[PDB]
Every structure is written in structure tokens, then in C-alpha cells.
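A closer look at the structure
Here's the letter readout for the chains.
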Amino acid sequence: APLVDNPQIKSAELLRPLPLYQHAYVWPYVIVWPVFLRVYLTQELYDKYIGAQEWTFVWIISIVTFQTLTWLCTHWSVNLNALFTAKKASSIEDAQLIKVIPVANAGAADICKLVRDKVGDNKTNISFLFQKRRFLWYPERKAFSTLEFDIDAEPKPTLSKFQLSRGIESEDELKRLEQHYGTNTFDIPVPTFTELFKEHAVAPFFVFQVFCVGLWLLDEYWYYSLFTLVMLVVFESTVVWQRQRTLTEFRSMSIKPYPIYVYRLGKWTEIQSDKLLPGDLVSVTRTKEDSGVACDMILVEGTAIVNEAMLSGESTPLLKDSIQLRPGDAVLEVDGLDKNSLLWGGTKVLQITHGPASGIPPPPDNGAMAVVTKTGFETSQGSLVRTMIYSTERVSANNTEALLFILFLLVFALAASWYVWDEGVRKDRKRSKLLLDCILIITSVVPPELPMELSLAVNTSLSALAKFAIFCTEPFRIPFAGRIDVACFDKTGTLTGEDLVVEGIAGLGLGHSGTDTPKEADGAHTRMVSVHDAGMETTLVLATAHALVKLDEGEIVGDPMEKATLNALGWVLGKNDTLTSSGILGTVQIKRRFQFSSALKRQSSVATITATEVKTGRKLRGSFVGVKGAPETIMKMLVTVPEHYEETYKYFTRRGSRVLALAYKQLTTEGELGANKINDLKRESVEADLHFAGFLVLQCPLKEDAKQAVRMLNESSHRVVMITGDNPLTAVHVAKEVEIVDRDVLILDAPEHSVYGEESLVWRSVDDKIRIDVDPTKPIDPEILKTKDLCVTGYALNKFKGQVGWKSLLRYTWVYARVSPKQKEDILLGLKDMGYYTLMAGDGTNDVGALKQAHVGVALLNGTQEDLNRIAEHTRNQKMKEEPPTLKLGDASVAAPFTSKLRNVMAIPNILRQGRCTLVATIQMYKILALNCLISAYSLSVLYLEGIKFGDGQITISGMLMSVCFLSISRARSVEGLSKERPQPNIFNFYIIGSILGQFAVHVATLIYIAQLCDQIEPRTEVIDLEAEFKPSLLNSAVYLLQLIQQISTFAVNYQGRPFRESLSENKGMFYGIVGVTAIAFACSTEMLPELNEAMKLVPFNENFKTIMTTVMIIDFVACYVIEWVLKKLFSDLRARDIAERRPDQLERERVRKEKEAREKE
Ligand code: BEF
Ligand SMILES: [Mg+2]
């Protein structure tokens, strides 16, 4: 049995701490250090080693580096921390620390300290905080587990327990609950500069840089090494300062407490929302701005209209109901028949209404009585916050490819050092000079400037991305954007505005036929009449059927959809229960209202009307009855059903747009009905016979940029999928409009008629004429999986979990509808565990688990360019002196590596358009560096053993050329428009290694040939000494010219231009230097300028040698290009993966569109 009983935790272990005396980085180094110290200090018989300054410095550095590595091993890994710092314990009575390991993809390893509480006389509590969860020890089960509440037990509690709950009394029980469950607080840490710098300073690359810099302190230079260390410290300080600033700008979040009424100790008291305990009786009222319900509550009395904007994703108000109507002694199941009564935390209560089981007096603020069940970090949004903060480690550019690259270079470095040391010991030279030379060889091959170059090449991309208002917190995730195989998308807020807008009034032509209405095959009217131009009866119904309440000051409370209808209609209500005055020019006062019941679906009202139409001059007045409802219920009350009633609303509701039916009745044609007769009117008399007005269609309006951005993503080698939380029909229609899916579509769900307790999954069509049944064993491959597309809903994902068909449902599906916040993370993890890199672009809180676990996660805020301009104006004005609404810095930008600020779907291609421009650079800085470094190894391994030396001017020219060409490579800007070809993803591949080895072999062969020819023409039989000054000779000129041509060629051939980044002819800083240096080299080779040869201490040349040298340089330059070209054409992987393989018809349509737009572009 596992020690920790939780699905997330893999394994645990009990530990006992040790003091500083017994640590593994103190104990071996306190008995070894004095032994060497005595020998160095007061032995005077140094026969073990000679005793020179460098010989003792080597022994100092070895022990210091061993101490540093032994200390850092406890910080790099936690298993070594458990092995070194602590020891294995026996049981709970002696353990003080515990080590917890999470599952493979749900966080990071940790060591947590145990806390013991002595609230009981003979009872104690053992708890440790892992990932801000209060794990507790239960002695009966001999295992740790999470806290348990009243609502969660293997016997489900009866309804009488919550119905008869009278709050919390008996103050000692209150103290027990407070000490056992804790306060309702979140307390996000927001780490400061010191811990960030400590975390940054123990990275392997910084330690490697510090060690490589400190190795140069071998008495050669005491002023050229401290300056580099100071520069490194300054750079690492400013990088972490920028990260801290851009992290505190966004991740700084807070939940403001608000006072509430609590029925504590049999009395209603004012209590801050920070201190709430399970079992408390809470009166819930209308919520304030930017503040949701503080805790998970279940209603007991009254009805509330809430806005589930953080679980469903939509903003359409719901109708929560109490549990008074349910009888006692009933099981409280949550999945069905009572999920309409649970009130989750973090949501906003739009309205509260009452339209005494426990004998409790009503609260003074006149809210709804409810019982809080779960509080703290165990609520529904507590898990969301936990997935925000601790879910995934930073990347920090310390991947295994860099380690393999460094080892691959270090192999050649060690080989060269071994060769040099063998020659030195054979020639019996001084050991100190040999150690100096070997240290130079070791630190010159493996590059100590690679992290600096990578950081510069990523920070320039950050500065380029900052122009389009995209701000990023983790800079080293930009290279991940180059290789993207699937792009996930949300539906509400990302591709479509979240608010519901009135499309207009439809079906006004029903009944009488004008013989010009555009119909369909099934005879459904499709005319869309704007709400601005409408008849008298329909606008009076639209202005009278609403349910709006005016307060004392004048604020209007209700569903915002009737506000958006009224302000478009131009009407306005006064302080009294009246509606005042487009083109209607009238007034109406209402008398009696009915209520939405969720069983009858009928909002009806009576009123007295007077309207004066202006276009025709007709006038109406008297009494009026307006009814708004669902079309099926309204249809029965019509006395004359029109000719095409059951087709128009069906066609409109199969498109995903919400539809409502409007009916009017004229009770008395002149004057009101009369006093007190409206009061006795019954629901079955008011809603008896009515007259049709029209269908009011509401929909979420599509953005103007979604189609173009999705088209540009699809026409590339990417693939676009949609993971929404809306209805299947609306998601299917939006996907069809945006061209995510263009074929016949089949959805996977339960039958559309509401069946509860039935597990039958059936394939359905949008037209609803195909009902192929299926069972969770295997989907049929040849027809359903191949001919028609798919749409898997969230009700079929948890029924397909673990089966063999699951691996087939993550490959042939493009949209997912009605998806819970956990299932989005599940889908993205399943896609990531197949080999595809992913990207998610969300807007809200319900997709945090998807934003965090995606490789590149963008969060789109809502704000136009004019708002940013006004914010800039306000900031400039307040800075000059030393007001506009701020951006909705919500919850998606907290958990996303990137954050847009412009509310555009085109911000997703642009990031991709930058990612390629980074990745293509990041590859070649690996290829250009290593090859150069490899050449340097040879140029210091067997060529240094020769008598060749270079003058100061030549060295300065080579260094300036190398520095300029290396600084020009990193700075790169993108090229507009995505391309069908994909860059090379990974550094370790047959193409890169083959090209590097081939070019290095060509360089080595050319150098060997020219050295043997130069020795052949004029032999040098004199002895060779390695400490002499520079001497001009023909070898010293030939080797230098060839080496300079090699340094030119490595930058000349290894450069990828037009399809991803800047062309070479546009990059002035590299091109001018390359052409100038190669012109200088060729001019010196062909002896055009006699003065130029003596300018750089270059000897005169024989006529026969000049031609063969020029030909060998030309052969080198040609072969270095030919080998790379043939390897790129043969053994390279740039094509699309199996998930993005477009069908031929789609490519044909793309070609037709391209040629048509090119033809009309003239
Ligand atoms: F708009 Be979503 F589904 F978060
Ligand atoms: Mg959303």
C-alpha cells in the first residue's frame, strides 16, 4: 500500500534530518583539507608533487570544484538531497521531513516538512503542505490522504442534513473547525528578487561559465578575467530583473474579501469572507464588481440567477433552484438532478429573488440562505489556482541537446589535449607550460559564450515581438513556436465575442406570403429583419415582456440581453414602472408580471399601451399582453399556426443560434381592463389565445479576423482544432463558417432527447437523420473514421477513457464540444504524448489547464488599439505632470507564457511568424560555432606543434571578422507570410552531423595538402621551438590565408535565408564584411597590390605557387557548398507530419483561390 493515498502522488518516503556536521559536503572535506594544508604549509619535503605555484593551484581548484559540485548536487535533484542531507527514518514518531514525488506530468518533485498539532488532550494532527494542499495523517489507515468534507463520503448524506442545518453554534466546535480546516485564503506568494536570483544562479550554464572564466586565472592575466565575471553577473542580474518586472506586471493577483451575513451562534453577524467554515449558514445576495462567490455553497432557500463564466465559458445566465421542494430522506447525488442547486465559487450572482423549513428568521439584507460545503484550496477554483501556479517548470534553455552538444565537443577537446600532453612528455618540456597550453586547448574548444549568444538571439526576438503588443514571461519558449504540428483554439472570446448580440427579428413573413421570400428545400423562411425596422406589435412585445427592476438611485439590474435589446430599440424606463421613448414614439406602463419557471418557459406581462406610428400614421392604444417563450411552448397557445412555423425555428435552432418566440394579445381594445381585475387574472386565462409576432434570434458575433488567420494557419503545414465548452451545434456551425471542417459532419453524443441514466452513445448528424449506434469497444474504421469528419463531445470522452478506441479519437477529430476544464488538459496531454507539439490560444479561466500544459500558450485579452493609445496618452500626461478604463487583466494571462493585448486572432500567426525566425537562427548558431570551434581544435592540436605563427594585425583582422559575423547572425527579422516548408526542428540529426563532419574533413584535407606542398617547395630542416617570436615565411602566409578562407566559408555556406528569415544580400553587417575580407584575401593571393603584402607581414609568392593555391582555395569553397547542398536535398526532414496531410481537393481549392485572387489583384 502506498504511503500517500492520492492519484497524483507516485511515491513517498519518510526522512529524518541531519545537522551540518554530518552533511556529505562537509564531512569528507573536513578530514582531507587539513591533510593537504599541513603538507603545503609546514612540510618542506614536497616529494609527492613538486610544489610550484601552479601545482598547488591545481590541487586548490580540484578540491574547491569538488566542494561546489557536492553542494550543487543537493540543489539540482531531490533524490541526491535525500541521500545527502537527511537519513531514512522508521515511522511517524521520529520523522520530521517527507519527500514526495508527483506523477510524470503534474508538477515537480519536492520535500515538505511535517507539522504536528496538539489541539487534543490525547489526539495530535500530522500534516504537510505539498502544492498548497493540506494532506493529513489518519492513524487507522496508516497512510496520508487529502482532507474530507461533509459533502464527500461513501454514504451520501441525506437532504434532511442540509435542510435542517441551523448554522454553527457551540464555540468550541467553531474553534475545532477553524483549526482543522483553516481560513479561506489563497495567498499567492509572488516571489521577490532574491529567490529568483538564487534560482537563476544555480543553473548548469551559469556555473559552467563561472568555472570556465575562473580557470583562466592561472597568473596569465589578472585583469582580463575579473571583468568578464563582472559582465556575467551584470547580465544575469538584468535578465532576472526584467523577468521579475514582467512577472509582477501580470502574475500579481489578489482576491479582495467582502463582508457577509453569517448565522453564527443563533444570530446574524457581519463576518469577513476570509473566515468561513463548513456548515455555516450564509445569506448570499447580489455580488459586487470583479468579485465572485467566496466558497462552494448549496442553496437551501430562494432562487438565484448566476453567470457561470468560469466553468461553461459562456455568459448566458442560468437559473439555480433551492432544495426545499425535494423531499426528505433522499440521496444527494451531484452529477444529476441536483447540479442545478450547487453554487460553485468564483462565479457572479447576477440576480436574487424569492419567487422557513428550519424556523430561521430571514436575514436583514434579504438574500438567499445557503450552506457552505467546501472552502479553502479544495473548492472548484482552488484546483484552478493550483494548476496556475505549480504545474510546469520553466525551460531556461537547458535542454539535453545542449548537454549532448557540449559533450560532443569535449570529446575532441580531450583528444587534442591528450595529443599535446603526449608530445610534451616525450619532449620533456616544463610541466607548468604544458598545463597552461592544455588549459587553453580545453577552454578554447568548448564555447563559454554559447549561452550568451542564445540569450541575445532570444531577447532580440522578444524586443521584436513587443511591437505588436505581445508580452512574454518565458523567453526561451519562442523556439518551440517554430515546430508546431497542431494549433488548438477556443470558441468564445478567442474566435467569437463573448457577449450575446441580437441578430434581428426573423420569421416576420410567416402567414401571409409575399411570393418573394428566400426559402430553402424544406420551405423555411430565412429573411433577417433588423430590430430597428419592425412592426408595432413586435416592438411592444419586445419592450413589455422583459423582467427589469429599477432600484432607488436608478440602476437597472437584470439579464444584460434585454438591456442590449432596449438600447438598440432606443427605449428608456423611468423611475416609476413605465417605459418611455426607433420610430415608435410612445409610452407604456406595466401592471402585472409573471416569472420564468424553467418548466413552462414563458415570461409574460400585462400593460397599458399607447403608440403613435410615424411612417404610416396608425395609432394604437389600450391594454396589452406580451408573452416571450420557447417556440414549442408558444406554438400550442397560437390559435392559427402559420404555414411554415415548424420549419423556420427548426432551421434557426439547428444553426446554433438561440431563438425565442413572441406573442401578443389585446385584452381590451380601448382603455385598460380595470382596477383589481388584473390581480385576479390567472395564468391559464392570460396565456390562452395569442397572436404571433416573430422570432428573436440571439447569437455571438464572429470576429472579422478569425477567417483569415485560420485560413493562413490551415494553408501552411499546421492543423487547427477547436476545444470549446459550448453546445455541439454552435461549435459545429462556427467551425463550418471558419473552415476548420468542410465535409459531412457527425457528432458523438447521447441522443438529443434528454435521457438520464442512459449510457447509449449514438452518432448523430446536424440534420438529424443518421442515428448509427455505437458502443465503447471500437469505432468503425473504413466508413465513419475515413469518409465523414468527427465531433466528439465531452460526454463521450470519459466513456472512452482507457479503451483501445481512445488512441483513434485523438487523431481523426477536429472539434470538441461541452468540454470540462480538466478534459481540455487531458486532451492536450494525450496529444503531447503522441509526438506532436501543441499550441493553445484561450481567453478565460476555464482553460487554464490547457494553457499551462501546452508548449506555446497565448492568452488573448480584450482591448482595441484606441484603448492602448488612450492609455499611452494618460501615461504621458501623468509623467509630464510629475483615467481611461484599464485592460481586463483576468486569469488566463496569469497561467500563459505569452499574453496579447490587442484582441486579434491575427496575433497567433505573427507569433508563429516570429518563431521560425528564431529557430532557424538557433540551429545555425549551433552549426556555425561548433565547426569553427572544431577547426580551432585542429589549429591548436597539430598545427600549433608546427612552427607556424601569425602577426598581430592578422590576428586582429580575424578576431574582428569573427566578432562581427557572430553578432550579425543573432539579429534577424522575420519575413511576411507563412511558408509551406518547415525548418529543421532538432539539432541532432543525420543532416547537421553529416554536413559538419564533411566540411571539417574537407578543411582538414585541404590544410594537410597545402602544408605538404609548402614543405615540398621549400623544406625547413631547422629545429622548431614553440616560444620564439613571429617570423615571416611562406608557411606562415599560406596557412594564414587558407585559415582565413575557412573562417569566411563557414559563415558563407551555412546560412538559410529567404523562406524563413532575411536574405543575405539585405544583412549589411555580415555581407559587407564577408565581401571585403574575401576580396582582401583574394587580392593578397593573386598579388595585385605589392604594398598590401608588406602591410600584413605577408611574404612574396612564387608564380607557380599562386595558381595552385588559388585553385585549392576555390576547390575548398566549392566543396563546402556542394556537400551541404547535397546533404540538405537528400537527408533533410521539412515536410508536414501525418496529422496535417491535406486532401487533394483542399489543395485544388487553395490553388483556385490563389489564381483567382492573383487575377483580380491587378
Ligand atoms: F471561450 Be472558451 F470556451 F473558454
Ligand atoms: Mg473562453
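Residues numbered from 1 in each chain as written, not as in the entry; some residues may be left out. Chains lettered and ligands numbered in written order. Heavy atoms only, no water.

Points about the sheet that holds strand β31 (residues 745–749)
If you walk across this open sheet you meet the nine strands as β33-β32-β31-β34-β35-β30-β18-β36-β37, and the pairing is mixed. Looking at the sheet topology across the chains shown, the edges are occupied by β33 (773–774) and β37 (856–859). Strand direction decides the pairing type here: β31 and strand β32 (residues 761–765), joined by four bridges, are antiparallel. Bridge assignment links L746 to a residue of β32, and that residue is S765. (Pairing = 2+ DSSP bridges. Helix = DSSP H or I, 4+ residues; strand = E, 2+ residues; numbered from the N terminus.)

What about helix α11 (residues 400–427)?
If you check α11, its first and last C-alpha atoms are 41 Å apart, about what 28 residues at 1.5 Å a residue would give, namely 40 Å. Those residues of α11 that fall on the buried side of the exposure criterion are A402, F405, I406, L409, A413, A416, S417, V420 and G424. For α11, the secondary structure elements touched by its buried residues are α8 (204–214), α12 (431–445), α13 (450–465) and α26 (907–941). Where α11 ends, the next residue or the one after it, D428, has phi of about 60°, a positive value. (Expected span 1.5 Å × (residues − 1). Buried < 20%, exposed > 50% of the residue type's maximum accessible area, 1.4 Å probe, protein only. Contact = heavy atoms within 4.5 Å.)

Concerning a positive patch on the surface
A cluster of basic side chains, namely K256, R286, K288 and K563, defines a positive patch on the protein surface. Within the secondary structure layout, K256 lies in the loop between α9 (226–250) and β9 (259–264). (Patch = residues over 30% accessible without salt bridge, like charges linked within 9 Å, V, L, I, M, F, W, Y side chains within 5 Å. Areas by Shrake-Rupley, 256 points an atom, 1.4 Å probe, with all protein chains shown as cover. Salt bridge = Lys/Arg side-chain N within 4 Å of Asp/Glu carboxyl O. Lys, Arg positive; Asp, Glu negative; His and termini not counted. Charge placed at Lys NZ, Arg CZ, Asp CG, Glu CD.)

Let's talk about the coordination of the magnesium ion (ligand 2)
Around a metal, the ideal angle is 109.5 degrees if four donors adopt a tetrahedral arrangement and 90 or 180 degrees if six donors adopt an octahedral arrangement. Coordination of the magnesium ion (ligand 2) by the protein involves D843 (OD) and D843 (OD), with metal-donor separations of 2.1 to 2.8 Å. Mapped onto the elements of the fold, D843 is located in the loop between β36 (839–842) and α24 (848–853). (Donors = N, O, S within 2.8 Å, 3.2 Å for Na, K, Ca; no water.)

A word on a negative patch on the surface
On the surface, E520, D522, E752, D767 and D768 cluster together into a patch of negative charge. Position of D767 relative to the elements: it lies in the loop between β32 and β33.

Comments concerning the domain arrangement of the protein
Splitting the protein by domain gives domain 1 (193–250), domain 2 (259–387), domain 3 (466–497 + 716–907), domain 4 (501–699) and domain 5 (919–1131). Of note, the centres of domain 1 and domain 2, computed from C-alpha atoms alone, are 52 Å apart. (Domains from an automatic or database assignment.)

What to know about the UniProt feature "binding site: Mg(2+) 2" (unreviewed entry) in the protein
UniProt feature "binding site: Mg(2+) 2" (unreviewed entry): in the numbering of this structure it lies at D490, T492 and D843. As for its position among the elements, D490 is in the loop between β18 (487–489) and β19 (501–506). Excluding residues within four positions of it along the chain, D490 makes contact with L495, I723, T724, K824, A841, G842, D843, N846 and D847. Excluding residues within four positions of it along the chain, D843 makes contact with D490, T492, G493, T494, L860 and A892. (UniProt positions renumbered as here; feature names shortened; annotations may be inferred.)

Regarding the pairing of strand β30 (residues 720–723)
Where burial is concerned, the two faces of β30 agree: the one with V720 and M722 and the one with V721 and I723 are both buried. Bridge analysis of β18 against β30 gives three bridges, and the strand direction is parallel. Looking across to β30, one finds that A487 is bridged to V720. For β30 and strand β35 (residues 815–817), the ladder comprises two bridges, and the chain directions are parallel. Paired with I723 across the two strands is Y816, which belongs to β35.

Section: the UniProt feature "binding site: Mg(2+) 4" (unreviewed entry) in the protein
Using the residue numbers shown here, the UniProt feature "binding site: Mg(2+) 4" (unreviewed entry) corresponds to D490, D843 and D847. Assignment of secondary structure puts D847 in the loop between β36 and α24.

A short note on the pairing of strand β28 (residues 658–665)
Burial analysis of β28 places seven of its eight residues in the buried class, which makes it a mostly covered element. With seven bridges joining them, β28 and strand β29 (residues 691–699) adopt antiparallel strand pairing. From the neighbouring strand, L660 faces β29, where its bridge partner is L696.

A closer look at the packing of aromatic side chains
Per the counting criterion, the structure on display carries 28 aromatic pairs. With 5.4 Å between their ring centres and 55° between their planes, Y645 and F695 make a pair best called tilted. In this pair, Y645 sits in helix α17 (residues 645–653) while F695 sits in strand β29, placing the two residues 50 residues apart along the sequence. One exposure class covers both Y645 and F695, and it is buried. Taken together through their ring pairs, the aromatic side chains of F36, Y40, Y49, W55 and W59 make up a single cluster. Over the ring of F594 we find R592; its NZ or CZ atom is 4.8 Å from the centre of that ring. Above the ring of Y1072, the side-chain terminus of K1068 is found at 5.1 Å from the ring centroid. (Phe/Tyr/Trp six-rings, centres within 6.5 Å; stacked < 30°, edge-to-face > 60°. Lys NZ or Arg CZ within 6 Å of the ring centre and 35° of its normal.)

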